[PDB]
Amino acid sequence: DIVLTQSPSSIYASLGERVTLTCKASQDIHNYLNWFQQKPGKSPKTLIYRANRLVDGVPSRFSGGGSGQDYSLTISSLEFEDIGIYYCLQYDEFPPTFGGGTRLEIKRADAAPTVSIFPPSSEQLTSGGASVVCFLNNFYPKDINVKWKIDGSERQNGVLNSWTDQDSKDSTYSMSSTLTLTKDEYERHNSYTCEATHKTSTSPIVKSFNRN
Amino acid sequence: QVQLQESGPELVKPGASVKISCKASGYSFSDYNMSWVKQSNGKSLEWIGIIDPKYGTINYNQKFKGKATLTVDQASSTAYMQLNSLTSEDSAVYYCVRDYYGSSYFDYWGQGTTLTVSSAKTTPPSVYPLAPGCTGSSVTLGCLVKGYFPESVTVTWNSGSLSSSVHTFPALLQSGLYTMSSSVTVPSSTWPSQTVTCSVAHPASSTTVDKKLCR
Amino acid sequence: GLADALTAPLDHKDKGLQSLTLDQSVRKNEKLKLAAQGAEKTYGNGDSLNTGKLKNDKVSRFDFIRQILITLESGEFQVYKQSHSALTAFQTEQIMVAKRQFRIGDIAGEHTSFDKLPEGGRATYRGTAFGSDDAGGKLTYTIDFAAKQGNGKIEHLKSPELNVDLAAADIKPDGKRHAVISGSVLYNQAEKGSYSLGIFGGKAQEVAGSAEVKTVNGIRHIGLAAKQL
């Protein structure tokens, strides 16, 4: 089967910027290439066929190019409705095969996270569990480190982390980090700390509570 | 009314079979091919196979032979894909896609059908309030929605009247069960002087839980 | 004959089309080794193929090896020659492991300028349609120069889905203002692909180009060339 590769895997760009996405096939695919755009929770939408033909009604800011193995899709002037993931596909030799996708996201000014830490609720404890939750909200860029410390020592184990997609309104990211413990383990210690390191500051943001 | 309207989401056990439909309207169904595409984890896409509704000819991606069977019913303008011997690796979103241009196969897409194959049992969430304990101009509050299945859950804050400052985090799957948290931020002038409530609907277990954020 | 095509220099006295520039047929960093009748020559993106030595109105076959030197694919290279146009195609056979695909290479010749077409009259062209393992197709094509429209049909191919109509389409200028007709391919009256023909010769004596027919197994290429009789 022909292999299709897309680079880079993520692109950050500003509104109005020129953006170029690339696709490479493992052999000459004779211009039989589609580009699709997909928004979160939505179906793909075809933008290009035969490498350089615009689907009817697609804005003229889009164009496809390339030949042999090397193709690109260029957006001449990025608009907000263009944000999403772009996939290429070859249909020169069946089975048709897709590239891995390039996500196009919006650049914005760096923003420090708002960090909040929450103790287990009495309702969870009464059932023998103890989740400690830290929200790290509205930050940019997406790269972030969260460390958990219990009685001042780094908690190694039992961390689940979840990230939102880029926010439609302010272009930031948010993340939750959950330390889950048995009720007995939780009651073994006093102090619980969520600490976030992010490029917006040399000093970690630290939020704690003390069980006493 | 949309051209390619697929059948609804499916939740089945390993070993089962499902048949997904793709009803065509607004164009000449028999004159255009219909393909099917699998998208795993909202990312990786694969082409399964294609059928010409007029002539009945089919081509399958070798990887899907013996997994998928394509058919059509020309009279009702419907294409079908049956997936047999289901395992959790078949959980995905499936799309039908028709062609339109003379030199393209993949031009307009159905809305997608979500298939979940699992042996997990329907299980209501435990909902736990997340309040600071043990403060500033703005206070962030939360609700932890833990240990539910299947995945469809909806969290609202003050009966949905608070939404602009809400973050809902993607669920994570653990012991066969999902866990998700939601956060909301309100002015310090609001909480704790006033009750803020999160409501959690998990329709598969007939759950609509309300939890107050207090103290 | 084939060997002379590969070894001889051009001969102003040979029947045109005398030369064909290999562009699509051999990409930037490829070498294309053609062999026939004991001879071999290597090209050469940009290089000229001595079609003057080949017979008009027939497909000439060479063994080919495409390389980048390491071998990518091999099979049979096909050239169809008219007086003012010619085209090439590749029947891949091996890539070693058996694997077949048929794809058009270059369509070349003395393109008729869109700005210097006949001002009127109806021309009929008759020639060959050739695809994988089959050079016996017949192309009939008609151009009305008053309407600047063309239409035609492909018949007599062994594969039934390749016997298609080439539906009516306007002549338009391409990026060099060469006259070209790009249109729809019909199978049992319904669209199943696309075609493109250029018009060639100072008096629009010829057409050459290709059709692409969608099947459930992929797109099949048909090379096309016809001339006024």
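Note that these values count all heavy atoms, side chains included, but never hydrogens, waters or copies made by symmetry. Letters go in sequence order (proteins before strands), and every chain restarts at 1.
The CG atom of B/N59 sits 8.0 Å away from the OG1 atom of C/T215 when rounded to the nearest 0.5 Å. For the atom pair C/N188 CG and B/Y55 OH, the distance stands at 3.5 Å (nearest 0.5 Å).
Residue B/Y100 touches chain C through its backbone alone, counting heavy-atom pairs closer than 4.5 Å. With a threshold of 4.5 angstrom between heavy atoms, B/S104 approaches chain C through N, CA, C or O but not through any side-chain atom. Neither the backbone nor the side chain of C/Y195 comes within less than 4.5 Å of any heavy atom in chain B.
Residues B/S103 and C/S194 approach most closely at N-OG, 3.7 Å, considering heavy atoms. Here the closest heavy-atom approach between residue B/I50 and residue C/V216 is recorded as CG2-O, 3.3 Å. Among all heavy-atom pairs drawn from C/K192 and B/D52, the shortest one is NZ-OD2, 3.5 Å.
With hydrogens and angles ignored, the 3.5 Å screen pairs no side-chain donor or acceptor of C/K214 with any backbone N or O of B/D99. Listed for the B/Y105 side chain is a donor-acceptor partner under 3.5 Å among the backbone atoms of C/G218.
Applying the 6.0 Å contact sphere to NZ of C/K153 captures no more than 12 heavy atoms from other residues, nucleotides or ligands. In the displayed structure, B/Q74 atom CD is contacted under 6.0 Å by more than 12 heavy atoms of other residues, nucleotides or ligands. Surrounding NZ of B/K63 are at most 12 heavy atoms belonging to other residues, nucleotides or ligands under 6.0 Å away. Within a 6.0 Å radius of NZ in B/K146, other residues, nucleotides and ligands contribute 12 heavy atoms or fewer. The local environment of CD in B/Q111 is crowded, with over 12 non-hydrogen atoms from other residues, nucleotides or ligands closer than 6.0 Å.
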